[PDB]
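Below you'll find the structure, written out as structure tokens, and then a few comments.
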Amino acid sequence: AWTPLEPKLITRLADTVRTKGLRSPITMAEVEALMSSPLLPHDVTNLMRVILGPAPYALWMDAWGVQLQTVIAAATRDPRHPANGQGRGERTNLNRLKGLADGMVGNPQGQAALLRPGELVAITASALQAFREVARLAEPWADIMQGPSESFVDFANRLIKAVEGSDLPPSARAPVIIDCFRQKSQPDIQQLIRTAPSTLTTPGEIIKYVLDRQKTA
Amino acid sequence: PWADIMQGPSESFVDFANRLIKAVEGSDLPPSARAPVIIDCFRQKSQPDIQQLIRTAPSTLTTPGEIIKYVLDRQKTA
Amino acid sequence: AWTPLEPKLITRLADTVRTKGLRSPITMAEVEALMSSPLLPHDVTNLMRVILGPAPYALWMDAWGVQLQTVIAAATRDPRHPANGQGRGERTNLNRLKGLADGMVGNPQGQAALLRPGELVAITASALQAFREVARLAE
Amino acid sequence: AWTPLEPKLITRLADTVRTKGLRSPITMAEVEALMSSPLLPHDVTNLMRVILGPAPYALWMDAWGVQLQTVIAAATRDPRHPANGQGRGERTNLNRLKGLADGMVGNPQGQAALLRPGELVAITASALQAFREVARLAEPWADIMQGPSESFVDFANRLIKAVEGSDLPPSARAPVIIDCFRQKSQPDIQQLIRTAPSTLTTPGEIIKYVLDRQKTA
Amino acid sequence: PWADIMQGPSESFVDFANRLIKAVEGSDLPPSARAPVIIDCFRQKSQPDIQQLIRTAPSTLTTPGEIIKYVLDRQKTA
Amino acid sequence: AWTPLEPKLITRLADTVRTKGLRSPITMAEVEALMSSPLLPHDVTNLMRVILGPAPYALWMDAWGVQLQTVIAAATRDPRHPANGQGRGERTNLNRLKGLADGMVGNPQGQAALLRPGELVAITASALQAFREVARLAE
Amino acid sequence: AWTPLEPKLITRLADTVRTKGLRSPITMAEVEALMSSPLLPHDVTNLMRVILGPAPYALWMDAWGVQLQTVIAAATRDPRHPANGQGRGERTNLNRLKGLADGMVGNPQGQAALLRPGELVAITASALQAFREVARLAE
Amino acid sequence: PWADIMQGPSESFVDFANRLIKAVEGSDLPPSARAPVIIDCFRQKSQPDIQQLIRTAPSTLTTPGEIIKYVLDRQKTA
Amino acid sequence: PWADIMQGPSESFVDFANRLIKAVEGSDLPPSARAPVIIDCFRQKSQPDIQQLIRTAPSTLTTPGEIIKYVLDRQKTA
Amino acid sequence: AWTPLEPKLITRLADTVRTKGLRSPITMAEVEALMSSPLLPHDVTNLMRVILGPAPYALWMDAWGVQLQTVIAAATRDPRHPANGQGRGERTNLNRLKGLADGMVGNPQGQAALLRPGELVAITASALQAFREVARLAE
């Protein structure tokens with residue numbers, strides 16, 4: 001049986017997106033919260049219709065379609081998908097994922113009837129990744145300098161934000177953050193990091209060391 | 001009225017796109033005529049800097065979302 | 001069955017951390033409040049992702065790992081840990097504590113399935129101590 | 001039968017290292033040339049003794065030992081090493097790799113007698129990697145800017161050199177080079193790359209595009 | 001003479017293109033050598049503002065008509 | 001059996017490229033000279049690594065890949081390629097042309113073992129055309 | 001048998017284009033009038049050479065080529081084109097449409113001999129659409 | 001003579017290390033006494049900036065190569 | 001009174017350390033509270049040059065003797 | 001039975017340290033003289049408290065602890081230490097060396113009761129080496 005999401009939660013989430021934006025960590029946390037139970041295509045579609053403006057909604061429809069197509073390629077590449085079945089008669093078409101299949105168009109009850117839980121979780125993960133893409137797209141790390149009057153934790157926050165919310169691969173963020181701590185972060189902290197008797201091999205360790213030995217002023 | 005919407009000299013592009021898509025979808029057009037109208041309004045409105053930016057697109061943009069993404073990528077930061 | 005924490009409480013706690021800071025006694029009391037029931041690694045990880053900024057979150061990940069490693073050393077020093085079992089097949093690896101073990105990565109339901117209550121309370125106490133360390137370090 | 005390397009080639013390589021340095025691509029090519037046939041520990045040891053100074057030679061001995069230890073760990077992790085055998089009596093100890101085993105100390109003929117070809121190629125690859133490490137160590141990418149009067153190919157050469165000869169993982173060099181082309185490379189070329197009707201997803205493609213559409217001056 | 005044609009400081013681009021195409025097609029060149037010559041004369045004549053405008057073309061222009069269209073689109077209105 | 005090119009000739013060619021440039025007819029003649037015998041992917045790759053700077057080397061890798069792809073399209077368009085065989089089991093993949101196939105990665109001896117002479121001459125002609133393109137592009 | 005268009009009509013049409021412009025409805029009506037019978041590539045090419053200036057003629061050649069390419073794509077998408085035949089030996093190449101095929105280059109008589117009526121009407125419609133595009137573009 | 005080698009005020013550290021290792025290895029010392037002597041000469045020669053740099057080493061350096069690497073990492077670029 | 005002891009502008013560091021340790025050990029504090037107090041008084045007294053010298057210690061100093069040794073090593077000779 | 005050192009000798013040694021310094025060979029000879037019989041931790045501690053100033057005394061406490069720790073590492077590396085015994089129940093902890101063990105804190109009589117002669121000579125040699133280190137460090 002299908003139960004709709006509360007319009008109160010949806011209104012609060014819409015106002016959160018309206019004030020904080022699409023990319024704030026609080027907004028992504030709220031979306032993850034409302035993305036907890038596996039949603040039917042109807043639910044996610046209406047949710048994005050309400051919380052997103054028209055142009056971000058178009059972008060999100062595009063990105064969701066692309067991610068679902070990648071999922072269906074992986075599904076035809078492995079007959080053991082939690083959305084698939086063992087025989088060929090359970091293969092999942094994009095009409096069934098986007099809610100366009102027979103007995104599902106516009107009807108959430110029938111949708112909830114025919115859909116699999118693996119189908120639901122795959123749709124949900126696809127929608128979350130698409131939301132992340134559109135949020136990163138709607139709104140430069142190598143131009144970030146620590147201002148003469150700025151503290152170090154603010155500079156580290158800004159730099160880690162801009163590096164993690166960028167187009168780098170996940171395996172290239174830590175070395176870039178370290179080498180940006182070393183070359184940015186005006187020459188007092190540069191020399192403080194340079195003359196480190198220990199070898200610092202993690203942004204957290206560098207931050208801890210600098211916070212310990214920083215010039216109180 | 002959708003056909004009277006222009007991108008202001010100081011207005012950003014996402015605000016203009018929001019306003020235009022709102023006015024086009026909340027109008028008397030058939031559902032199958034909204035995307036072409038939105039595209040052709042992006043091309044003829046949206047003051048001549050973005051007009052030339054869309055004109056000189058090495059790829060063919062056939063969707064309002066794709067046009068918005070392209071313009072947001074290559075827009076003149078100011 | 002896993003139940004998420006209210007985003008309203010999380011938003012209020014995030015604004016508390018934003019205005020009062022990390023070290024105020026009211027903030028530590030609020031964290032102790034939201035640290036009442038034993039949380040799964042997913043819950044604590046997302047909570048610290050939301051309430052803490054990027055750099056304090058990195059520091060907190062480091063400190064949480066160190067405290068969990070101390071816990072696992074004490075666990076291999078005593079086979080009667082409430083996270084351990086009697087036989088060697090119940091020994092708890094750090095992949096199971098950090099939520100990285102098999103059947104747990106990204107899935108909170110499976111996490112809640114395989115985890116022990118002693119595991120949960122140890123993870124929770126470790127996260128609280130790590131939060132205290134990072135708060136004392138940030139300012 | 002052991003044949004020594006020509007002292008003429010060794011003298012030419014030593015003078016190459018003396019004039020060009022340790023890190024020049026011509027020097028690494030020459031080392032790869034003299035590292036073509038599998039060398040015995042005696043050969044590589046004397047070669048590095050002659051071409052390298054005292055302090056780089058100490059560093060190289062350290063690095064060679066570390067790399068050989070990694071090799072021996074991989075060897076005890078796989079009994080099918082081309083240096084190992086099938087039974088336990090053919091397991092290769094570090095005394096046999098460094099030439100310290102019985103019947104090998106100071107004698108290159110006996111060395112060549114008892115050593116395996118897999119042993120020789122493993123020693124050689126280890127020595128090459130150690131040379132690379134020491135060369136990278138003996139002599140910052142995020143501080144590189146394109147000067148007001150500098151051409152773009154010189155800036156690209158300098159940047160790619162500093163990025164590839166750094167501590168980044170191999171899978172993080174291309175995105176960093178691209179994002180440094182975009183944020184460095186003074187605002188004329190910045191706007192030239194920004195207004196690219198096509199999406200450039202490779203440093204070579206960016207270089208080609210900029211060289212085509214650059215302002216001749 | 002086609003190789004002596006320059007775009008004057010005050011002359012528009014369509015007049016320069018007309019004059020150049022006229023002088024190139026009404027000359028002693030083979031028919032298969034007119035288009036490359038017209039293109040390379042657009043690129044080297046046509047005073048440095050339009051020279052840089054053609055140089056920084058994100059697309060590759062391989063026809064005099066395409067070059068004329070591009071320049072007419074992105075020209076500095078004055 | 002694989003024999004490397006002389007580092008003396010390579011050093012002289014590198015200094016020629018350094019003083020005369022990439023596009024001089026003397027430089028192209030010298031490259032044609034050192035491009036006389038069919039080279040293995042290892043040889044051409046190291047040669048271009050040594051004689052070319054970093055950015056021209058990136059451009060040359062791109063151009064070489066494109067030309068090899070054109071060659072492989074012509075090869076799938078004609079089963080009588082001197083690199084191909086008569087049956088389908090001798091069809092030449094780009095991993096075998098770029099030296100990335102199995103038994104070839106980093107090993108020039110195995111490379112010389114498995115490669116065909118038609119493969120070698122096709123790789124060599126492709127590399128020469130790519131060098132010409134990059135030289136025309138750099139200046 | 002090929003019959004040329006009257007130079008009197010062509011002179012009147014050229015003066016019409018000279019005074020009224022390319023986009024006036026009277027000019028388009030006159031072009032439709034002189035575009036009544038299916039013309040051979042020679043006829044349309046010379047007509048546009050005479051009535052259009054040099055730069056509009058270049059633009060028109062471009063547009064005509066593009067429209068003919070769209071026509072040939074539709075033709076390879078449907079073997080029942082009035083320019084095509086049933087077998088593969090009657091497929092119409094762009095050299096035959098632009099008048100560049102064998103036995104047609106510069107000779108209008110041979111052109112009229114080998115061309116199909118469907119070919120002629122397709123060429124004519126393509127030229128008319130190209131003229132419309134160039135007229136909309138010039139002013 | 002190894003015991004008379006000092007790092008000049010303008011000399012770099014790699015040149016000083018080269019000269020010192022040369023003079024120590026080409027001397028009358030036993031082979032088992034060269035490394036400790038090289039280390040203790042790095043510590044007492046090598047003008048007081050590098051002396052303090054080696055003194056305040058959070059790790060214990062027990063090899064001339066390790067000392068050279070540490071000093072090259074944390075040296076005052078000038 | 002130990003909590004009123006400051007390092008004078010012209011006073012050396014060993015004299016200040018002697019005076020401070022004397023006043024702290026000859027006071028009413030418990031024996032288990034003297035070392036932390038001496039350390040935290042070294043850190044907050046001992047005028048800002050030595051304060052920054054102790055602050056930027058790559059190693060963690062957990063004893064008055066270790067702090068004294070470190071400061072005596074890296075002190076500004078004047 | 002514990003017998004204290006003469007305050008006259010201690011006063012003379014303190015004045016020697018005051019006039020000649022810590023590093024003079026006469027001062028080291030005098031210390032070796034008063035370091036002849038194996039002293040209990042109480043004796044050496046009070047002796048260094050009296051003859052050394054506050055800062056040298058702190059340095060000496062540090063150095064003495066480090067040297068005693070090296071001694072205890074050598075002791076756990078060899079069960080035949082003259083301070084150790086044969087069974088594991090005679091292993092000597094640092095609380096017993098520094099005089100901090102049970103029945104020894106502040107009481108020299110009980111100290112002399114429970115301590116071994118090997119313990120005493122090890123403590124004495126450690127204290128002498130620590131004095132040498134501090135003397136070399138102070139000036």
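Within each chain, counting starts at residue 1; across the structure tokens, chains are named A, B, ... in the order shown, with ligands numbered 1 upward in that order.
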
* For residue 57 (chain G), please output as a PyMOL selection string all residues within 10 Å (counting only C-alpha atoms; exclusion window: fewer than 3 positions along the same chain). => (chain E and resi 21+65) or (chain G and resi 45+48-54+60-63+131+134)

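Proximity to residue 131 (chain A) at 9 Å, evaluated using only C-alpha atoms and with sequence-adjacent residues fewer than 2 positions away removed, yields residues 22, 48, 60, 63, 64, 126, 127, 128, 129, 133, 134, 135 and 136 of chain A.
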
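All of the residues in chain D within 9 Å of chain B are residues 191, 193, 194, 195, 196, 197 and 198 of chain D, where only C-alpha atoms were counted.
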
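Using only C-alpha atoms, the protein and nucleic acid residues lying no more than 10 Å from residue 93 (chain C), apart from those fewer than 4 places from it along its own chain, are residues 69, 72, 75, 76, 84, 97, 98, 99, 100 and 101 of chain C.
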
* Spatial neighbours of residue 3 (chain B), max dist 10 Å, only C-alpha atoms, sep filter under 4 positions, as a count of residues only -> 6

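For the pair CA of residue 177 (chain A) and CA of residue 183 (chain D), the separation is 16.0 Å.
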
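Residues in contact with residue 104 (chain D) at 12 Å, where only C-alpha atoms are counted and same-chain residues fewer than 2 positions away are skipped, are listed as residues 40, 41, 42, 95, 96, 97, 98, 99, 100, 101, 102, 106, 107, 108, 109, 110, 111, 112, 113, 114 and 115 of chain D.
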
Using C-alpha atoms, can you export the residues from the last selection as a PDB file, in the first residue's frame?
ATOM      1  CA  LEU D  40      73.720  -8.575 -11.769  1.00  0.00           C
ATOM      2  CA  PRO D  41      73.716  -6.840  -8.363  1.00  0.00           C
ATOM      3  CA  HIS D  42      77.430  -6.218  -8.859  1.00  0.00           C
ATOM      4  CA  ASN D  95      70.903 -11.834   0.777  1.00  0.00           C
ATOM      5  CA  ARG D  96      70.516 -13.454  -2.645  1.00  0.00           C
ATOM      6  CA  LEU D  97      68.911 -10.349  -4.161  1.00  0.00           C
ATOM      7  CA  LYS D  98      71.403  -7.802  -2.802  1.00  0.00           C
ATOM      8  CA  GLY D  99      74.257 -10.154  -3.713  1.00  0.00           C
ATOM      9  CA  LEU D 100      75.074 -10.872  -0.065  1.00  0.00           C
ATOM     10  CA  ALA D 101      74.349 -14.613  -0.118  1.00  0.00           C
ATOM     11  CA  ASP D 102      76.993 -17.318   0.091  1.00  0.00           C
ATOM     12  CA  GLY D 106      82.368  -9.695  -4.228  1.00  0.00           C
ATOM     13  CA  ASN D 107      82.415 -12.341  -6.972  1.00  0.00           C
ATOM     14  CA  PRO D 108      80.406 -11.440 -10.104  1.00  0.00           C
ATOM     15  CA  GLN D 109      81.111 -14.777 -11.809  1.00  0.00           C
ATOM     16  CA  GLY D 110      79.597 -16.829  -9.002  1.00  0.00           C
ATOM     17  CA  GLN D 111      76.809 -14.252  -8.844  1.00  0.00           C
ATOM     18  CA  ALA D 112      75.942 -14.834 -12.503  1.00  0.00           C
ATOM     19  CA  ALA D 113      76.169 -18.578 -11.846  1.00  0.00           C
ATOM     20  CA  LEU D 114      73.636 -18.909  -9.024  1.00  0.00           C
ATOM     21  CA  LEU D 115      71.183 -16.139  -9.948  1.00  0.00           C
TER      22      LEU D 115
END

* Asked: Which neighbours of residue 10 (chain B) fall inside 12 Å, counting only C-alpha atoms, when residues of the same chain fewer than 6 positions from it are skipped, and could you give them as JSON, numbers by chain?
  -> {"B": [16, 46, 47, 78]}

* To do: Would you return as a ChimeraX atom specification the members of chain B that DSSP assigns to alpha helix (DSSP H) on this structure's backbone?
  => /B:13-25,34-44,48-55,64-74

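Take the candidates F:19, F:27, F:111, F:3 and check each one against chain D using only C-alpha atoms; the shortest distance goes to F:3.
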
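Distance-wise, CA of residue 112 (chain F) and CA of residue 68 (chain D) end up 28.1 Å apart.
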
* Asked: When the cut-off is 12 Å and we count only C-alpha atoms, which residues of chain I are near chain J, given as an NGL selection string?
  -> :I and (13-26 or 34-35 or 38-39 or 61-70 or 72-73)

* To do: Using only C-alpha atoms, determine which residues lie at most 12 Å from residue 14 (chain C), disregarding the query and same-chain residues fewer than 3 positions distant; provide the list as a PyMOL selection string.
  => (chain A and resi 25-27+29-30) or (chain C and resi 7-11+17-22+27+30-31+34+47-53)

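If you look at CA of residue 84 (chain D) and CA of residue 103 (chain F), they are 19.7 Å away from each other.
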
Could you write out as a compact mmCIF listing (two decimals) with N, CA, C and O atoms, in the first residue's frame the residues of chain A within 8 Å of chain C, counting only C-alpha atoms?
# COMPACT_ATOMS: atom_id res chain seq x y z
N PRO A 25 25.62 21.34 2.74
CA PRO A 25 25.60 20.00 3.35
C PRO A 25 24.34 19.74 4.16
O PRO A 25 23.91 18.58 4.26
N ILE A 26 23.73 20.78 4.72
CA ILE A 26 22.48 20.60 5.43
C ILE A 26 21.37 20.21 4.46
O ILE A 26 20.52 19.37 4.77
N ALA A 29 21.88 16.62 3.52
CA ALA A 29 21.47 15.78 4.65
C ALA A 29 19.95 15.67 4.72
O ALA A 29 19.42 14.58 4.96
N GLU A 30 19.24 16.78 4.52
CA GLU A 30 17.78 16.73 4.52
C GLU A 30 17.25 15.86 3.39
O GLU A 30 16.28 15.11 3.57
N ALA A 33 17.66 12.40 4.29
CA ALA A 33 16.63 12.06 5.26
C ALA A 33 15.32 11.69 4.57
O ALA A 33 14.75 10.63 4.83
N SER A 36 15.15 8.21 2.71
CA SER A 36 15.45 7.06 3.55
C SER A 36 14.70 5.80 3.12
O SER A 36 15.32 4.78 2.85
N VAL A 153 41.24 27.66 10.00
CA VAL A 153 40.13 26.71 9.90
C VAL A 153 39.13 27.17 8.84
O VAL A 153 38.56 26.34 8.13
N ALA A 156 40.78 26.24 5.54
CA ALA A 156 40.68 24.80 5.32
C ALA A 156 39.27 24.39 4.95
O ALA A 156 39.07 23.55 4.07
N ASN A 157 38.26 24.98 5.61
CA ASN A 157 36.88 24.67 5.26
C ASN A 157 36.58 25.04 3.82
O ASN A 157 36.03 24.24 3.06
N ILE A 160 38.55 22.64 1.36
CA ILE A 160 38.02 21.29 1.29
C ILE A 160 36.67 21.28 0.61
O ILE A 160 36.36 20.38 -0.18
N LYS A 161 35.84 22.30 0.87
CA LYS A 161 34.57 22.42 0.18
C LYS A 161 34.76 22.51 -1.32
O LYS A 161 34.15 21.75 -2.08
N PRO A 203 45.05 15.33 5.28
CA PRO A 203 44.62 16.69 5.61
C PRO A 203 44.25 16.87 7.07
O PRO A 203 44.52 17.94 7.64
N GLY A 204 43.65 15.86 7.71
CA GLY A 204 43.32 15.98 9.11
C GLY A 204 44.55 16.14 9.99
O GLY A 204 44.55 16.94 10.93
N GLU A 205 45.60 15.37 9.70
CA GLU A 205 46.83 15.48 10.48
C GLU A 205 47.49 16.84 10.30
O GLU A 205 47.99 17.42 11.26
N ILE A 207 45.92 19.61 9.59
CA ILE A 207 45.08 20.58 10.29
C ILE A 207 45.36 20.53 11.79
O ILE A 207 45.49 21.56 12.45
N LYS A 208 45.46 19.32 12.35
CA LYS A 208 45.74 19.18 13.77
C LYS A 208 47.09 19.79 14.13
O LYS A 208 47.21 20.54 15.11
N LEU A 211 46.93 23.59 13.93
CA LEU A 211 46.15 24.16 15.02
C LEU A 211 46.91 24.09 16.34
O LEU A 211 46.78 24.99 17.18
N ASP A 212 47.73 23.06 16.53
CA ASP A 212 48.55 22.98 17.73
C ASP A 212 49.60 24.08 17.75
O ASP A 212 49.69 24.86 18.70

Between chain A and chain D, at 8 Å or less, what are the per-residue closest atom pairs and their distances in Å? Count only C-alpha atoms, order by chain and rising residue number, and return it as a Markdown table.
| residue | atom | partner | partner_atom | distance |
| --- | --- | --- | --- | --- |
| A:140 | CA | D:183 | CA | 7.0 |
| A:142 | CA | D:183 | CA | 6.2 |
| A:143 | CA | D:183 | CA | 6.4 |
| A:167 | CA | D:175 | CA | 7.7 |
| A:168 | CA | D:175 | CA | 5.9 |
| A:169 | CA | D:172 | CA | 7.0 |
| A:171 | CA | D:172 | CA | 7.1 |
| A:172 | CA | D:172 | CA | 4.8 |
| A:175 | CA | D:168 | CA | 6.0 |
| A:176 | CA | D:168 | CA | 7.6 |
| A:179 | CA | D:142 | CA | 7.1 |
| A:180 | CA | D:142 | CA | 6.5 |
| A:183 | CA | D:142 | CA | 6.2 |
| A:184 | CA | D:142 | CA | 7.9 |

With C-alpha atoms retained, could you export that selection as a PDB file, in the first residue's frame?
ATOM      1  CA  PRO A 140      37.656  27.066  -8.517  1.00  0.00           C
ATOM      2  CA  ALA A 142      43.193  26.241  -7.690  1.00  0.00           C
ATOM      3  CA  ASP A 143      42.384  29.930  -7.090  1.00  0.00           C
ATOM      4  CA  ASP A 167      35.268  17.549 -11.019  1.00  0.00           C
ATOM      5  CA  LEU A 168      38.264  15.699  -9.575  1.00  0.00           C
ATOM      6  CA  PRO A 169      38.194  11.920  -9.139  1.00  0.00           C
ATOM      7  CA  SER A 171      41.146   9.304  -5.348  1.00  0.00           C
ATOM      8  CA  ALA A 172      42.776  12.664  -6.167  1.00  0.00           C
ATOM      9  CA  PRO A 175      46.809  14.768  -2.355  1.00  0.00           C
ATOM     10  CA  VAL A 176      45.433  17.953  -3.904  1.00  0.00           C
ATOM     11  CA  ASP A 179      49.568  20.164  -1.755  1.00  0.00           C
ATOM     12  CA  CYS A 180      47.223  23.160  -1.604  1.00  0.00           C
ATOM     13  CA  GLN A 183      51.595  26.053  -1.345  1.00  0.00           C
ATOM     14  CA  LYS A 184      48.677  28.299  -0.376  1.00  0.00           C
TER      15      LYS A 184
END
